[PDB]
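Visitor: here's a sequence, model it:
(3 chains, ligands or ions: 4)
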Amino acid sequence: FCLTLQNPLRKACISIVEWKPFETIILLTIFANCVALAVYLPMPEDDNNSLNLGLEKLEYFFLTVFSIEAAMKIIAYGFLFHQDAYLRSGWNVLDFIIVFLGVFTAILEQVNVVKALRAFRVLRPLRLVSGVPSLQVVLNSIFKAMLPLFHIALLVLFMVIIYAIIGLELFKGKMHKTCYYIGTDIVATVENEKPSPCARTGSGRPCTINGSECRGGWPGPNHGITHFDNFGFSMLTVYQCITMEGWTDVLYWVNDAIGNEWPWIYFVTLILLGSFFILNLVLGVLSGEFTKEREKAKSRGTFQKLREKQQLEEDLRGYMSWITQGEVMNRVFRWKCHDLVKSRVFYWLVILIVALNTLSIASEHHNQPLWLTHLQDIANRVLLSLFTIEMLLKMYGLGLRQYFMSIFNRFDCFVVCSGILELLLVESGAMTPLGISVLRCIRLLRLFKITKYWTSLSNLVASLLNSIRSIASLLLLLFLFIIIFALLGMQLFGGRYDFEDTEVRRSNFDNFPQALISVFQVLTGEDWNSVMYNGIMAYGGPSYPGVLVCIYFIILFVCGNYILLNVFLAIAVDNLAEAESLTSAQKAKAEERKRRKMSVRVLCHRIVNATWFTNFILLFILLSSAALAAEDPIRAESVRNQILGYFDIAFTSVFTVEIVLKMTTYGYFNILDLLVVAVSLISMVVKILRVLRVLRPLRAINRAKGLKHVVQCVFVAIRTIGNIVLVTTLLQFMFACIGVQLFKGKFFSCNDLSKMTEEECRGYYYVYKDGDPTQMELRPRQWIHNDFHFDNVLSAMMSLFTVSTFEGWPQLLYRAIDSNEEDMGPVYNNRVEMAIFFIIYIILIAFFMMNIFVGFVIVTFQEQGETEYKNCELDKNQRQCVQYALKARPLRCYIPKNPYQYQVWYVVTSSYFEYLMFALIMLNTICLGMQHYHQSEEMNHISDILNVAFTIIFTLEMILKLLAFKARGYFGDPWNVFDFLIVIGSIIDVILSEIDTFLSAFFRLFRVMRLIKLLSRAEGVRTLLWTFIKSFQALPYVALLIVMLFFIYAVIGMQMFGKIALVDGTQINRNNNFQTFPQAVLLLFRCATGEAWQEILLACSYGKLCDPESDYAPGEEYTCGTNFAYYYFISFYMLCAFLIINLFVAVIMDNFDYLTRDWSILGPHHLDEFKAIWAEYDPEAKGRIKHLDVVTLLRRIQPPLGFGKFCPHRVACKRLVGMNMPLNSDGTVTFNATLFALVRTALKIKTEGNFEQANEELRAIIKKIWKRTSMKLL
Amino acid sequence: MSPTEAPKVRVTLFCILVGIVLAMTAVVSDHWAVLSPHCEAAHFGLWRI
Amino acid sequence: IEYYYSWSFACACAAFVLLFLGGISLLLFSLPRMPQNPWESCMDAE
Ligand SMILES: CCCCCCCCCCCCCCCCCC(=O)OC[C@H](COP(=O)([O-])OCC[N+](C)(C)C)OC(=O)CCCCCCCCCCCCCCCCC
Ligand SMILES: COc1ccc(CCN(C)CCC[C@@](C#N)(c2ccc(OC)c(OC)c2)C(C)C)cc1OC
Ligand SMILES: [Ca+2]
Ligand SMILES: [Ca+2]
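Guide: Numbers count the residues shown, from 1 in each chain, chains lettered A, B, ... in the order given. Ligands and ions are numbered 1, 2, ... in the order given. Right below this line is the structure:
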C-alpha cells in the first residue's frame, strides 16, 4: 500500500479518501453510464433525436468522473513507477485504457467539428468486473479451464483449413449461373424459393420456369456471400457449415450446379467429422478438467461444508418439531377435524378437486362450446367457495397461529383472496382484453397444493436450487457478456438495416430490447447465418472491409457458447457430484437405521446348433433388408417392383424353414420371429402390414449377443429419471397453459397485411415483385392460420417442443410479439414483452434438460464403475501403470550398418530435416490457399510449375528416406506408407495435367493431403487423436444401434411419404425427399442435425400433391400425405437424441483415464519416453541390454520418473544398487523388469522382505500374469 | 505369419484375383456403349469402335 | 441416337468397386493395427 519512499503527505491523504463509498459511488457511476449507453437510439443516415444530444452532454460528466480518479490513483501509490504499481495490476491497465481512449475521442471529435471511436465506450461495462471482486474469480476459472483446449484448437483450426482448401478447388467458381427470364436481367424463381445455381447441359439442374434461360453473370447463392471463390469466402462458408446452421443450403447449391452424385460426400463427412467428433473431444477434455478441479475441492475441505449444514438443518427441523408440538400439545368437532386432516381419506380427496381444476385449464381452447365455458366457470365457482370453506375450516379448526406456520398453508391464503379478488374485478369494468386472461391462468397454481402431498418434489426442488445457487457468479458474467455485445450491435448495426426493399428483417439492433433478442438468437445459433448476412449487406456487401464485420458474429457465437459450456459443465459436475455424494450419504443413513429395529431330434439341433447355419442366415437378413430398401414408392407397376416381389417370395420361405425347424427341437424374442414370417405370406388392411414388414432388421438383435445386451442397457437408462422428468413435464404443461392464455386465437393473418378481420380478407389484392409499383400480379385473399399455434393445450405443446429444439423459434417469437386481439391480424411490434415468455421458457428448459441428461449419465456410471468397487492395496494410478509394466514390450529403431548408408540415415534423421520439411509443407499450404476464381494466365502456369516442383522436392525426400532404410524400415513406419501414397498420387496428378495438354479433379486432392503429415510431429494432437479414435472402436455396438435406427426409419419413411410430388418452394423437392433409399437417409441426417425438421414434418402431412407416376382415381391427386408424420418425426427426433447422448457418454467414459489424468504426477507419457530412449539401446528388442548403458539410461530420464536436475553421483549411484533389480549375467538386465523397480520406486514404494508382497498383489487384482512376472517378481 | 497367413487377408487377396481379371475383361472388350440412331448401331470401347 | 451399357461398363464398375475396396480393406487388414492399450504401439517389437 504505502510507497515507503514517496513525496510527503501534503496532499497524500488521498489514501484516506478511498474508504467505503468511493468504491460504491464509482461503481454506481460505472452503472449509470451503462444505463446511458443503452437508452441511446441509433438513427440512420445521420439523423438524431433531441435525446441523444442530451445523452452526449451527460457523457462529458461521465468522462470527467472516470478521468479524475485515474489521476487520483497515480497520486496515491507512488511516483511514476509507484503509479506503475497501480498499473502493476492488470485491471487498472484496462481502466486507464478506457478513460484515456475516451477523452481522446472527445477532443478529436471537438477539433474536427470519428463515428467509430464511439464504439469503444461499450467497454466501460467491463469496468463493472474490476469492482465486484467476485466476478474476478469466475473470470479466472474460465481462463484456466481453457488452457488444456490448446491441442483441440490446433486440430479444429487445421480441419477448417484443409476442408476450406478442398472446397476451394472442388467448387471454386462453379456457382455463377442462375435461371433468368429470357432477354431481361431479372432472376426467375418460384415463391418460397431461394435463387440457386443452375446449369446448361450437365449433371446440374436445368431451368424449369417458363420463358426462362440459363445465364452466367450471377454474383452467388447468398448475395454473393456463400461460395468457394477464394480462401476467405471458402473458409467462412466452411465454418458456417461446421456450426451446423444452414449447411444443407450449401449442400443443395453445390448439387444444383455440379450434380448431386458426389458433393454429398464432402458435406456429410464435414458435419460428421469436424462438427460431431470435435464436439465430443471438447466435451471430453472439459469434463476431465472439471473433474480434477472438483477433486481438488472435495479432497481439500468442501465435502464437510455441505454435509454438516444439510445435517445441521435436518437436525434443526427435528429440534423445532420437538418444540412446535410441545407448544400446541374448544369443542368436540374441533378435535374430529384433527383426526381427519392427517388421515388417508383426505389425501385421496385433495387430489380429486385439484384434478377438476387441471382439467378445466386444459379444456380452455379457442371457439369452445357455450356449455364448456359455462361448465368451467361453474366448476371454478363450485370451487372458489369450496376453497373458501376448507381454508375457513382449517384456520378456525386447528388454530389461527400455526396455520401461519405451514409453507403450503401460506399459499392457501393467497388463492381464495385473489380467487375472490377477480370475482369483483372482472365485474368492475376495467381489466381490458388481456388482463382478464392472465388472471384466469392463475387457477393453475392450485396444482402446487398437491405438492404438499408430493414429498419428492419438495426435496428435489432444494437440490435444484443448490446448483442454481453455485453458478450464480457464472450466470452474472453471461448476462454481462450479452449486454456488452448487444451494445456493440447497436453500434455497428443500429439504424443501418435500411435497405430499399420491402423485405422485413425482424432481427436487428434498432433499440436495446431488440438488440438483446438478436444477441440471444445468435447465441442459440438459430438462423445466425441469416442475421450475419444482413450485417454484411449493411456495409456494402461481400467486399474487403464490408465483410470484415462477420468477425463480430464469429466471436460472439464462439465465446458466448464457451461460457454456456462452462455453466452447463459446472452445473452437471457439481450436481452429479452432490447426487453421488448425498444419495450415497442418505444410503449410509438409510440401512443403518433399519438394522436398529432388526437388532430325429438330435441332428436338426446339430444343424441349428451348428455355427455355419448362422452365417448362412445372417446373410439372408443382409439380402432381405436390401430388398426392402430397393423398392420403388411411386410406381407399383414397375418391372423393378415386380422383380423385387419375387425376391420377397424367395426369402420368406427360408425364414419359415428356420421357424418350423426351431420348433422341432424346442417347445420373448421368439414371438418376433413368428410374426415377421406370417406378415409376408399374408402380404403376398394390406397397407398397414407393409410398414410392419420392415421389422425384419429387428430380428437380428437376438442372433448377435452384442446387440441383445445394449438394447437392454438403453432400456435401463429410462428408469432412473423420475422426479426430474416429473418436474420437467409439469413445466412443459404449465407453460403450454400460459401460452394458451396469452396467444389463444391470435395466430391468424391475411395475405396482404392490410386486412385485420376474416370478413376483410375476401376478394383479390395486388402483389409487387421486388417492390416495384409497376410490376404487380393479382392474388386471391385468404385468412391463414399458423401451423404452430397455441389454440388448445395439445397445440401450444407441439409449439413448445419445436421452440425447445431451437428450430424456427424466432418465427414463433415474432408472431407472438405481433399478436393483437383474438380474431385480429398482427400489428407490427405490438407487444414486445412477449419475448420475455419465450426467453424464460428456453432458459428453464435448458436447465431442467441438463439435469435429466446428467441423471441418465449417473445411471450409466452405476452400470459401469459407479456400481463397481476395488478396495485392494493398489489404487487407480497403480492399475494403469503396473499392468502396463507387465504387458509392455520392446520396439524397432533399425540403426543399420556402414558409413554410406548410416550417414544418409543421419541427415534424414537430423533436425535440420524435420524443420526444413515442415517449413516446405507450410509453404505448399500457403501456395494452395492462394488459388482463386478469375486469376491470370501467368498465375495459371506457375501453379503447374510449382505443383510439379513440389512433387520433385517430395519425391526427392522419399528417395533419401528409402536409401536410408533399405526399404525394410522405410515401409515399416505407418507414416512412411502415407508419405509414399501422397507422393505417387501427386506425381500422377502432374503427368495427367500433362497428357491433357500433350494431346480428373480427384488427383489434385493429393496435394492437400500432404498437410496430414504435420500430424506426424504434433505429439499432443496425434496422441489425443489416437486416444479417441481408439474408443470409437471399443464401442462398435452403440454405433450399430444408430445405424439400425436410420435404416428402419428410412424404410418406413419411404413407404409413408414416398409419393409426395417434388415441387419447388416446398420442403419435399429434388434435394430433400423419400423417393429413393439414399435420399431418405440424407433427410434423416438433416433432421438429426436439426435443420428445419418441423417444416419437413409439415411438408409430409395429408393433402399433398401426388407424383404423376403414382396411380389414383381421376380426381384424387391431393390425397397423398399422412398425419402420421407427427408420430414419425417427433419419435425419430427423441430416439435419435437419446442414442446420440448415449454414444458420447460411452466414449468419454472409456477414455476418462487419459482425460482426468492430472498430467502432473504420472501417466504413460513418461512410460512412453522410457522406451524411446530404450530404443537407442535396442535395435531390435532381445529383452535385455548391457549394464554399461544402464547408468546412461538414467541420465536421459525426466526426474518424476528417474533422477533429478542434480548430478547423479550420490542419489542415482546409491539408489540403483539399493533398490531391487534382477541379476542375470554381466551385460544382461531385461527390459521387462528394469522398468518395474524404476516405477516401483517413483510410487508404491516398499520395505525389504516384502518384495514377494508386491509380486503377491500382482496376481490377484491384476490379470493372469501369463508367466512373465517370474523375472518381475525377482 | 500373422498378417500374411491369416484367412482374412487371403479372402481379400483372392478377391483381388477376381478384380484383376474383370478389369482385364473391360480393358479388352468394347461393349460399354450403344449408339442407337435407327443400321448404324455402334459399340464403343477404348481401342476399337 | 441413345446410350446403353450392358457388358463392360458394369464389368468395370464391378472391378472398380472390387479393386478400390479390396485395396482399402487389405490396407487396414495389413497394418500392425491400433494398439488399444498404452503399452501397445504401432510398429514395434515383433
Ligand atoms: C463410428 C461412430 C458411428 C456414428 C454413427 C452415426 C452415423 C449416422 C449416419 C448418417 C450418415 C448420412 C449418410 C447420407 C447418405 C447420403 C446419400 C445421398 O444423399 O445421395 C444422393 C444421391 C442419390 O441419387 P438420387 O436418387 O437423388 O437421384 C435423383 C437424381 N435427381 C436428383 C437429378 C432427380 O447420390 C447418389 O446417387 C449416391 C448413392 C448413395 C450411396 C451412398 C450410401 C448411402 C447410405 C447407404 C445407402 C446406399 C445403399 C447401398 C449402397 C451400396 C454401396 C454403394
Ligand atoms: C438430434 O440429436 C442431436 C442433434 C445435435 C446435437 C449437437 C448438439 N448437442 C445437443 C449438444 C448441445 C448441448 C450443449 C452443447 N454443446 C448446448 C446447449 C445449449 C446451446 O445453446 C444455448 C448450445 O447450442 C449452441 C449447445 C450443452 C448441453 C453442452 C446433439 C444431439 O443429441 C443430443
Ligand atoms: Ca440451432
Ligand atoms: Ca436451423
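
Visitor: not counting sequence-adjacent ones, nearest residue to the most far-flung residue of chain C relative to its centre?
Guide: With distances taken from the mean C-alpha point of chain C and given as C-alpha atoms, centre = their mean, the most distant residue is residue C:1, at 38.0 Å. Counting by C-beta to C-beta, 6 or more residues apart in numbering or on different chains, residue B:37 is the residue found nearest to residue C:1 once chain neighbours are left out, at 4.9 Å. C-betas here are computed from N, CA, C, even on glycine.

Visitor: and residue A:1035, what does it touch?
Guide: Contact partners of residue A:1035, counting by C-beta atoms under 8 Å, 6 or more residues apart in numbering or on different chains, are A:1143, A:1146, A:1147, A:1150.

Visitor: ok, back up a step: neighbours around the residue nearest to residue C:1, how many?
Guide: 9 (other C-beta atoms under 10 Å in any protein chain shown).

Visitor: for it, which three-state class applies?
Guide: The three-state assignment at residue B:37 reads coil, by DSSP: H, G, I helix; E, B strand; the rest coil.

Visitor: just the residues of chain C that are near chain A, which are they?
Guide: With C-beta under 8 Å from any C-beta of the partner chain as the criterion, chain C comes near chain A at residues C:31-32, C:34-46.

Visitor: check contacts around the residue farthest from the centre of chain C.
Guide: Remark: with contacts taken as C-beta under 8 Å, 6+ apart, residue C:1 is in contact with B:35, B:36, B:37.

Visitor: narrow the contacts of residue A:1035 to those that are buried.
Guide: Under a neighbour-count criterion of 16 or more other C-beta atoms under 10 Å in any protein chain shown, the subset of those counted as buried comprises A:1143, A:1146, A:1147.

Visitor: out of those residues, name the ones that lie in helices.
Guide: Secondary structure defined by DSSP state H assigns A:1143, A:1146, A:1147 of the buried ones among the contacts of residue A:1035 to helices.

Visitor: okay, those residues in TSV with distance to ligand 1 next?
Guide: Below are those laid out as TSV (distance: C-beta to the nearest ligand atom, whole Å):
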residue	distance to ligand 1
A:1143	7
A:1146	10
A:1147	9
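
Visitor: and these, which is closest to ligand 2?
Guide: When those are compared for distance to ligand 2 (C-beta to the nearest ligand atom), residue A:1143 comes out closest, at 9.2 Å.

Visitor: now do the same contact list for residue 44.
Guide: Picking chain A for this. Taking C-beta under 8 Å, 6+ apart as the definition of contact, the neighbours of residue A:44 are A:495, A:496, A:498.

Visitor: I was thinking of chain B, sorry if that wasn't clear
Guide: Residue B:44 sits in contact with B:30, B:32, B:33, B:35, where contact means C-beta under 8 Å, 6+ apart.

Visitor: what does chain C put close to ligand 3?
Guide: Residues of chain C found near ligand 3, taking C-beta under 5 Å from the ion as the criterion, are absent altogether.

Visitor: skipping adjacent residues, who's closest to the closest residue to ligand 2 within chain C in space?
Guide: Closest contact between chain C and ligand 2, by C-beta to the nearest ligand atom, is at residue C:34 (26.6 Å). Residue nearest to residue C:34 in three dimensions, not counting chain neighbours: residue A:1030, with 5.5 Å by C-beta to C-beta, 6+ apart.

Visitor: against residue A:1034, how distant is the residue of chain C closest to ligand 2?
Guide: Taking C-beta to C-beta, to the nearest Å as the measure, residue C:34 falls 10 Å from residue A:1034.

Visitor: without its sequence neighbours, what residue ends up closest to the most centrally placed residue in chain A?
Guide: By C-alpha atoms, centre = their mean, the mean C-alpha position of chain A lies nearest to residue A:279, the distance being 6.9 Å. Take residue A:279 and drop its neighbours on the chain: the residue closest to it by C-beta to C-beta, 6+ apart is residue A:1144, 8.0 Å away.

Visitor: does the closest residue to ligand 1 within the stretch 751-900 of chain A sit in a helix, a strand or a coil?
Guide: Scanning the stretch 751-900 of chain A for proximity to ligand 1 using C-beta to the nearest ligand atom identifies residue A:860 as nearest, at 17.7 Å. Reducing the assignment at residue A:860 to three states with three-state DSSP gives helix.

Visitor: how about residue A:1083?
Guide: When the structure is reduced to helix, strand and coil (three-state DSSP), residue A:1083 reads as helix.

Visitor: please apply the same query to residue A:179.
Guide: Going by three-state DSSP: residue A:179 is strand.

Visitor: I'd like to know the beta-bridge partner residues of it.
Guide: Residue A:179 has the following beta-bridge partners by DSSP bridges: residue A:214.

Visitor: any idea how far it is from ligand 2?
Guide: Here the criterion is C-beta to the nearest ligand atom, to the nearest Å. By it, residue A:179 lies 34 Å from ligand 2.

Visitor: fine by me, we can end here.
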